[PDB]
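Inspection log for the structure reproduced underneath, given as structure tokens.
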2 protein chains.
Amino acid sequence: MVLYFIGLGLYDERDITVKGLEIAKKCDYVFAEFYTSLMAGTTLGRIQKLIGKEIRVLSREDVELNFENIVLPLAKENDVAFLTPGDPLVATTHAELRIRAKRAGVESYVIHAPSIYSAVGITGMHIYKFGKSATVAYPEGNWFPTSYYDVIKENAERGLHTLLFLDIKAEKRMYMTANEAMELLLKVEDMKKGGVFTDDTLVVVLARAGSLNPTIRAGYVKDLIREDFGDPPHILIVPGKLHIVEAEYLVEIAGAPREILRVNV
Amino acid sequence: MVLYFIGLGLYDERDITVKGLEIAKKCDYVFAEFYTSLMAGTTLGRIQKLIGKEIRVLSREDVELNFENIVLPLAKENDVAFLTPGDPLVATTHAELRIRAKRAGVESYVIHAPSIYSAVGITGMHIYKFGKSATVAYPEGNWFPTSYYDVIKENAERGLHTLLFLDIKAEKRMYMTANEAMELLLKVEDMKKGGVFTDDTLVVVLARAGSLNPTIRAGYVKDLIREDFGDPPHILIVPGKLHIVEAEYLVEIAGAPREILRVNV
Ligand SMILES: Nc1ncnc2c1ncn2[C@@H]1O[C@H](CSCC[C@H](N)C(=O)O)[C@@H](O)[C@H]1O
Ligand SMILES: [Pt+2]
């Protein structure tokens, strides 16, 4: 009778909320997609074992083109769950799927889970200070995306931090590293030359948030661009005006160069 | 020798993650604070019952002034948990607590949980479009704060949405309703005449995020200012120019007026 949007979490199958696990356990059919993000600490098998149901994994095309043909029909007679990495509506286009559910006479419910959007708090950067967010997309053929560069500029101008989601091509098993995002940004800097992202820019890297030992590093591009941050997923953050305690955290927890402790108010 | 920062979730006791619950159950001591926020859909008793551990509540002063003499000493020869509503480290001052842990020779680990920062995605507003966030505080004595008004202005000017936390007196359990927030903003608008918040401004109200039956309402200030959104806490959102898909979600899911499909897009 109902359809559930249930977040799975950041890292592994234990990042699902208790509410989500118990509701998922009682659903008749369980669907899921693993293309909007990467849960580096689990497998479909572990998820299925935790929920006690077999999970039918859908592709991007299944969802975007056939959600109402594959999932919605079963919801009219059964309770259906649709699992996704992180929080189901964050940094995805899944919100629109609720409009489809409604237009098909299906009631939907959303069970949240830890999202990378708030997990950025572990970097020590005050979350209220983040401005507009962006995605560093892979160039394809002659098309070279650059809008994310302007986002940084705009936020930096306002003294705000910038959260940069990194691209993912799940079908190819390609997960953009913070390294690759930095390479791409320098290339954009060379083109526009707005003094927005250079070798001297301070950046923060958060890798595998949700794991017990995520990689949290901060430093100048020239120094981190070739550093190994471990397995994906990675997210990149370009901080704006640092508060004293923000810089202190980065130095003490993220191993940032002691120098950044000296802010230029 | 270990301190765990564990998120409690959004609404009730089942909003904690499976990882957070299992880890907490294994801790020798469990602390919590409910000053940054409260879990309006549950009680300390039910949380305590779910964890199976006595939960020691800490006040704002216990944490901010005495964290190192109340919590850290025990973390030296035991596993200790520190529960907070939402996602750990989102509250501005919490990240600093990890620095105190390090200074005490104590290892700390973060276990995430849903935060309103990501949960607001249920409003249909694209997450990348949120700008700087702010808190609406009461005017008191000769003090009349208005910075949150300028935040809205700077965000909306760049087509960005503004997430607005409402004032709360946790200890006294006194919330600021979305209604009062609107009145304050209208009063601030009358003082600054910047044309930021008026009877014609479109707003979104989110209450009881995390529950299976949250209240999601969108409309113009003149129609919602005296509407009943239910029990606190309330979260106010002043969106920027809406995406056609964002406007459609508000209409189909949040009961927004058809008028926004042409006026705010
Ligand atoms: N655990 C994690 N650690 C680091 N980055 C992550 C992450 N999870 C997601 N990301 C970032 O976010 C991108 C996916 S966008 C989808 C985000 C998801 N809906 C959520 O709520 O978290 C990843 O490619 C990466 O750039
Ligand atoms: Pt969309």
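In the structure tokens, each chain is lettered A, B, ... as it comes, each chain's residues begin at 1, and ligands are numbered from 1 in order of appearance.
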
| request: Please provide the set of residues having any atom within 12 Å of residue 76 (chain A), restricted to only C-alpha atoms, with same-chain residues fewer than 3 positions apart removed, written as a list in words. | output: residues 1, 2, 3, 28, 29, 68, 69, 70, 71, 72, 73, 79, 80, 101, 102, 104, 105, 106, 107 and 108 of chain A

Please, which residues in chain B fall within 10 Å of ligand 1 when counting only C-alpha atoms and all ligand atoms, and what is the closest atom pair and distance in Å to one decimal for each, ordered by chain then residue number, as CSV?
residue,atom,partner,partner_atom_place_in_ligand_line,distance
B:114,CA,ligand 1,21 (O),9.3
B:118,CA,ligand 1,21 (O),7.1
B:119,CA,ligand 1,21 (O),9.2
B:121,CA,ligand 1,21 (O),9.5
B:127,CA,ligand 1,21 (O),9.6

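Of the listed residues A:189, A:246, A:13, A:200, the one whose atoms come nearest to residue 221 (chain A) is A:200, with distances taken using only C-alpha atoms.
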
| request: Check the DSSP output for the backbone and give back, as an NGL selection string, the residues of region 29-258 of chain B in strand (DSSP E or B). | output: :B and (29-33 or 56-58 or 79-84 or 86 or 107-111 or 130 or 134-136 or 140 or 143 or 161-166 or 168-169 or 174-175 or 202-207 or 209 or 211 or 215-220 or 234-238)

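Once only C-alpha atoms and all ligand atoms are used for the distance check, the residues close to ligand 2 at 8 Å turn out to be residues 92, 93, 94, 95 and 96 of chain A; 126, 245 and 246 of chain B.
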
| request: Quick one: pull the distance between CA of residue 222 (chain B) and CA of residue 165 (chain B), Å, one decimal. | output: 20.6 Å

| note | In Å and to one decimal, CA of residue 142 (chain B) is distant from CA of residue 187 (chain B) by 15.5 Å

| task | May I ask you to extract the residues of chain A within 8 Å of chain B, using only C-alpha atoms, and to give them as an MDAnalysis selection string? | result | chainID A and resid 14:19 21 87 89:91 95:96 99 102 109:115 117:119 121:122 124 126:134 160 210 212:213 245 249 252:253

Export of prior selection with N, CA and C atoms as a tab-separated table (two decimals), in the first residue's frame:
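As a result, part_28.tsv now contains:
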chain	number	residue	atom	x	y	z
A	14	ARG	N	25.53	-0.62	8.46
A	14	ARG	CA	25.10	-0.21	9.79
A	14	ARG	C	24.80	1.28	9.90
A	15	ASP	N	24.97	2.02	8.80
A	15	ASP	CA	24.69	3.46	8.83
A	15	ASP	C	23.21	3.75	8.61
A	16	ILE	N	22.42	2.70	8.43
A	16	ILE	CA	20.98	2.87	8.26
A	16	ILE	C	20.43	3.15	9.66
A	17	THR	N	19.38	3.95	9.76
A	17	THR	CA	18.80	4.23	11.07
A	17	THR	C	17.99	3.01	11.53
A	18	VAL	N	17.79	2.90	12.84
A	18	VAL	CA	17.04	1.78	13.40
A	18	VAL	C	15.64	1.78	12.78
A	19	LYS	N	15.08	2.98	12.63
A	19	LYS	CA	13.76	3.14	12.03
A	19	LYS	C	13.74	2.53	10.62
A	21	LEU	N	15.86	0.27	9.29
A	21	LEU	CA	16.09	-1.17	9.30
A	21	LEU	C	14.81	-1.95	9.62
A	87	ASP	N	21.58	9.88	2.23
A	87	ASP	CA	20.19	10.31	2.38
A	87	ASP	C	19.64	10.33	0.96
A	89	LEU	N	17.32	11.94	-0.73
A	89	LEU	CA	17.01	13.16	-1.44
A	89	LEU	C	18.15	14.18	-1.54
A	90	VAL	N	19.32	13.84	-0.99
A	90	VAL	CA	20.42	14.80	-0.99
A	90	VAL	C	21.38	14.57	-2.16
A	91	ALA	N	21.53	15.63	-2.98
A	91	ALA	CA	22.47	15.56	-4.09
A	91	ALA	C	22.04	14.53	-5.14
A	95	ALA	N	14.00	13.23	-5.37
A	95	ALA	CA	12.85	13.97	-4.87
A	95	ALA	C	11.69	13.95	-5.86
A	96	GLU	N	12.03	14.08	-7.14
A	96	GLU	CA	11.05	14.06	-8.22
A	96	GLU	C	10.29	12.73	-8.32
A	99	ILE	N	6.96	12.81	-6.74
A	99	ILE	CA	5.92	13.44	-7.55
A	99	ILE	C	5.28	12.35	-8.41
A	102	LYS	N	3.00	10.12	-6.26
A	102	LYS	CA	1.73	10.77	-6.00
A	102	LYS	C	0.82	10.68	-7.22
A	109	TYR	N	6.88	7.74	1.85
A	109	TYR	CA	7.46	8.15	3.12
A	109	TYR	C	8.96	8.17	2.96
A	110	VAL	N	9.62	9.08	3.66
A	110	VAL	CA	11.07	9.21	3.59
A	110	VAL	C	11.76	8.96	4.92
A	111	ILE	N	12.65	7.98	4.94
A	111	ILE	CA	13.42	7.71	6.15
A	111	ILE	C	14.85	8.15	5.85
A	112	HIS	N	15.26	9.20	6.54
A	112	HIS	CA	16.59	9.77	6.37
A	112	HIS	C	17.68	8.88	6.94
A	113	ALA	N	18.92	9.22	6.60
A	113	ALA	CA	20.11	8.51	7.06
A	113	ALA	C	21.27	9.51	7.01
A	114	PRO	N	22.41	9.19	7.64
A	114	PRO	CA	23.54	10.12	7.61
A	114	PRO	C	23.89	10.50	6.17
A	115	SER	N	24.09	11.79	5.93
A	115	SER	CA	24.42	12.30	4.60
A	115	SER	C	25.79	12.97	4.60
A	117	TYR	N	26.43	15.61	3.25
A	117	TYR	CA	26.15	17.03	3.40
A	117	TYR	C	26.31	17.54	4.84
A	118	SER	N	25.98	16.71	5.83
A	118	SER	CA	26.14	17.14	7.22
A	118	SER	C	27.41	16.54	7.81
A	119	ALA	N	27.81	15.38	7.31
A	119	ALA	CA	29.02	14.73	7.79
A	119	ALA	C	30.25	15.63	7.62
A	121	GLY	N	30.74	18.14	8.93
A	121	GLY	CA	31.01	18.71	10.23
A	121	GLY	C	32.27	18.13	10.86
A	122	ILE	N	32.60	16.89	10.50
A	122	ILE	CA	33.78	16.25	11.06
A	122	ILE	C	35.09	16.92	10.59
A	124	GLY	N	35.59	20.04	10.92
A	124	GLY	CA	35.83	21.16	11.83
A	124	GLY	C	35.33	22.48	11.28
A	126	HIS	N	32.58	25.03	10.40
A	126	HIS	CA	31.22	25.33	10.86
A	126	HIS	C	30.28	25.13	9.67
A	127	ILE	N	29.33	24.23	9.84
A	127	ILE	CA	28.40	23.87	8.79
A	127	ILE	C	27.49	25.03	8.34
A	128	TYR	N	27.23	25.99	9.23
A	128	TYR	CA	26.38	27.11	8.85
A	128	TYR	C	27.14	28.04	7.91
A	129	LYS	N	28.46	27.88	7.84
A	129	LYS	CA	29.28	28.74	6.99
A	129	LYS	C	29.47	28.25	5.56
A	130	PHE	N	28.88	27.11	5.23
A	130	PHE	CA	28.97	26.61	3.86
A	130	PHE	C	27.99	27.39	2.97
A	131	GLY	N	28.44	27.77	1.78
A	131	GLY	CA	27.56	28.46	0.86
A	131	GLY	C	27.00	27.49	-0.16
A	132	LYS	N	26.83	27.98	-1.38
A	132	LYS	CA	26.30	27.18	-2.46
A	132	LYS	C	27.24	25.98	-2.67
A	133	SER	N	26.67	24.82	-2.97
A	133	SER	CA	27.46	23.62	-3.20
A	133	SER	C	27.57	23.33	-4.69
A	134	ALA	N	28.52	22.49	-5.08
A	134	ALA	CA	28.68	22.17	-6.49
A	134	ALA	C	29.24	20.77	-6.72
A	160	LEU	N	32.49	32.40	2.51
A	160	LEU	CA	31.85	31.11	2.79
A	160	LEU	C	32.63	29.91	2.27
A	210	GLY	N	31.88	8.24	7.64
A	210	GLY	CA	31.02	7.15	8.06
A	210	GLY	C	31.83	5.94	8.51
A	212	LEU	N	34.99	4.22	10.55
A	212	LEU	CA	35.50	4.58	11.86
A	212	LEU	C	36.76	5.44	11.71
A	213	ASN	N	37.52	5.18	10.66
A	213	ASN	CA	38.76	5.91	10.42
A	213	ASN	C	38.78	6.61	9.07
A	245	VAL	N	39.01	28.76	15.67
A	245	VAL	CA	38.81	27.37	16.07
A	245	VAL	C	38.75	26.43	14.86
A	249	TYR	N	41.28	23.29	14.52
A	249	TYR	CA	40.83	21.91	14.34
A	249	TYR	C	41.59	21.28	13.17
A	252	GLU	N	45.16	20.53	14.32
A	252	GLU	CA	45.20	19.46	15.32
A	252	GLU	C	44.62	18.12	14.89
A	253	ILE	N	43.56	18.15	14.08
A	253	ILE	CA	42.91	16.92	13.65
A	253	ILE	C	43.18	16.50	12.21

| field | Distance query residue 59 (chain B) at most 9 Å, only C-alpha atoms, self and fewer than 2 positions along chain excluded, as a PyMOL selection string | value | chain B and resi 32-35+57+61-64+171

Could you write out the selected residues, including N, CA and C atoms, as a PDB file, in the first residue's frame?
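Output saved as selection28.pdb:
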ATOM      1  N   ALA B  32      24.974  12.460  27.406  1.00  0.00           N
ATOM      2  CA  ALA B  32      24.155  13.078  26.387  1.00  0.00           C
ATOM      3  C   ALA B  32      23.881  14.514  26.784  1.00  0.00           C
ATOM      4  N   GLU B  33      23.553  15.331  25.794  1.00  0.00           N
ATOM      5  CA  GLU B  33      23.215  16.722  26.048  1.00  0.00           C
ATOM      6  C   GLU B  33      21.983  17.009  25.215  1.00  0.00           C
ATOM      7  N   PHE B  34      21.084  17.811  25.762  1.00  0.00           N
ATOM      8  CA  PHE B  34      19.875  18.161  25.052  1.00  0.00           C
ATOM      9  C   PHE B  34      19.688  19.661  25.077  1.00  0.00           C
ATOM     10  N   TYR B  35      20.801  20.387  25.134  1.00  0.00           N
ATOM     11  CA  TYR B  35      20.713  21.847  25.131  1.00  0.00           C
ATOM     12  C   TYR B  35      20.759  22.426  23.713  1.00  0.00           C
ATOM     13  N   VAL B  57      22.800  12.952  31.695  1.00  0.00           N
ATOM     14  CA  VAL B  57      22.564  14.198  30.986  1.00  0.00           C
ATOM     15  C   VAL B  57      23.516  15.300  31.424  1.00  0.00           C
ATOM     16  N   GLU B  61      26.901  24.112  30.322  1.00  0.00           N
ATOM     17  CA  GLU B  61      28.112  24.429  31.057  1.00  0.00           C
ATOM     18  C   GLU B  61      28.961  23.177  31.300  1.00  0.00           C
ATOM     19  N   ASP B  62      28.311  22.052  31.602  1.00  0.00           N
ATOM     20  CA  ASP B  62      29.028  20.793  31.830  1.00  0.00           C
ATOM     21  C   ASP B  62      29.916  20.493  30.628  1.00  0.00           C
ATOM     22  N   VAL B  63      29.364  20.698  29.436  1.00  0.00           N
ATOM     23  CA  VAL B  63      30.085  20.435  28.203  1.00  0.00           C
ATOM     24  C   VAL B  63      31.102  21.522  27.858  1.00  0.00           C
ATOM     25  N   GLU B  64      30.622  22.744  27.649  1.00  0.00           N
ATOM     26  CA  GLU B  64      31.492  23.853  27.256  1.00  0.00           C
ATOM     27  C   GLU B  64      32.613  24.197  28.232  1.00  0.00           C
ATOM     28  N   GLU B 171      16.511  24.175  28.021  1.00  0.00           N
ATOM     29  CA  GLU B 171      16.321  23.950  29.449  1.00  0.00           C
ATOM     30  C   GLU B 171      14.862  24.241  29.849  1.00  0.00           C
TER      31      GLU B 171
END
